[PDB]
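Residue numbers (PDB author numbering), protein chains in the order written: chain B, 594 to 643; chain L, 1088 to 1137; chain H, 2 to 73; chain V, 298 to 346.
Ideal Cβ positions, reconstructed from N, Cα and C, are used throughout, including at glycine.
Single-structure report; data block below.
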Amino acid sequence: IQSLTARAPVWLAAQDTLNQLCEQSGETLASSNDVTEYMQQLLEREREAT
Amino acid sequence: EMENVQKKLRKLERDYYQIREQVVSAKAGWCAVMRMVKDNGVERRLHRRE
Amino acid sequence: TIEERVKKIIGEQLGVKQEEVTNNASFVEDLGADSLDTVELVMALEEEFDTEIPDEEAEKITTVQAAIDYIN
Amino acid sequence: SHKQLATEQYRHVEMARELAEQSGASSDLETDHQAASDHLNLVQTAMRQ
């Protein structure tokens, strides 16, 4: 319980930022690799719009 | 000795009674606030769960 | 009648109106009241009737109807 | 603590009941021992005669 309690607030802050970020986008993220692939799609849209 | 513990039980019972009124009266107001807050504030803006 | 107490208090403790509660439903999941909210509801019922309900009996009120079954 | 106190009171009443019986037995024994002391003195008296 002490370990979990020490860990909790950081995880909660991270989750709030993540939810805000993915909700700001159209697609919902679920993993590190998923975030990376979304990076790549973002780059492609940059270089088309430009 | 045990009759004084009984009388201790009575004193503790009235303390419990006081606490119980506190709890119910508090919820009565929680109800109203969470009714009004549903204008999208509670979603994530006020509920800073960190 | 006297049940007007329960069917009133329940709403005042859960934000729903008097008629919203259905006897078939369950407080734990079908009314939105979590563990803390259900504890508050049962303890408010205890306060209103100036009586006592131990933990074992108190845990048997998950359904809407039970709130009157132990009362009357 | 309420139920413990109720259970401890029930036990206390039971120990109080058995001591009430021993208290009665002690008074009966005191009566028998008074007669016993009298019997010793009666025997000492008979030996002298």
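Residue i in three-state terms, based on DSSP
| i | result |
| --- | --- |
| residue 64(H) | strand |
| residue 625(B) | helix |
| residue 36(H) | helix |
| residue 596(B) | helix |
| residue 602(B) | helix |
| residue 619(B) | coil |
| residue 631(B) | helix |
| residue 612(B) | helix |
| residue 1136(L) | coil |
| residue 69(H) | helix |
| residue 53(H) | coil |
Reference residue i; option with closest CA among the options
| i | options | result |
| --- | --- | --- |
| residue 37(H) | 50(H), 25(H), 63(H) | 63(H) |
| residue 39(H) | 23(H), 52(H), 19(H), 61(H) | 61(H) |
| residue 1107(L) | 43(H), 26(H), 20(H) | 43(H) |
| residue 48(H) | 1092(L), 1111(L), 1091(L) | 1111(L) |
| residue 4(H) | 33(H), 50(H), 59(H) | 50(H) |
| residue 1113(L) | 14(H), 59(H), 68(H), 58(H) | 14(H) |
| residue 1104(L) | 34(H), 56(H), 46(H), 72(H) | 46(H) |
| residue 635(B) | 612(B), 619(B), 624(B) | 619(B) |
| residue 57(H) | 71(H), 65(H), 66(H) | 71(H) |
Endpoints, alpha helix (DSSP H) assigned at residue i
| i | result |
| --- | --- |
| residue 330(V) | 299 to 345 |
| residue 1097(L) | 1089 to 1123 |
| residue 30(H) | 28 to 31 |
| residue 22(H) | Neither: residue 22(H) is in no alpha helix (DSSP H) and is coded neither H nor E. |
| residue 6(H) | 4 to 15 |
| residue 57(H) | 56 to 59 |
Taking any Cβ of chain L, which residues in the segment 11 to 22 of chain H have a Cβ under 8 Å from it, in chain order? Result list: 13, 14, 16.
In the segment 596 to 628 of chain B, which residues sit with their C-beta less than 8 Å from some C-beta in chain L, listed in chain order? Under the 8 Å Cβ criterion, the segment 596 to 628 of chain B contributes 602, 605, 606, 609, 612, 613.
In chain order, what residues of the segment 308 to 319 of chain V put their CB closer than 8 Å to some CB of chain L? Of all residues in the segment 308 to 319 of chain V, only 309 place a beta-carbon less than 8 Å from a beta-carbon of chain L.
The segment 1088 to 1120 of chain L: which residues have C-beta closer than 7 Å to a C-beta of chain V, in chain order? Taking a C-beta cut-off of 7 Å against chain V, the contacting residues of the segment 1088 to 1120 of chain L are 1089, 1092, 1093, 1096, listed in chain order.
Determine which residues of the segment 34 to 47 of chain H have a Cβ less than 8 Å from any Cβ of chain L, and write them out in chain order. Per Cβ criterion, the list reads 41, 44, 45, 47.
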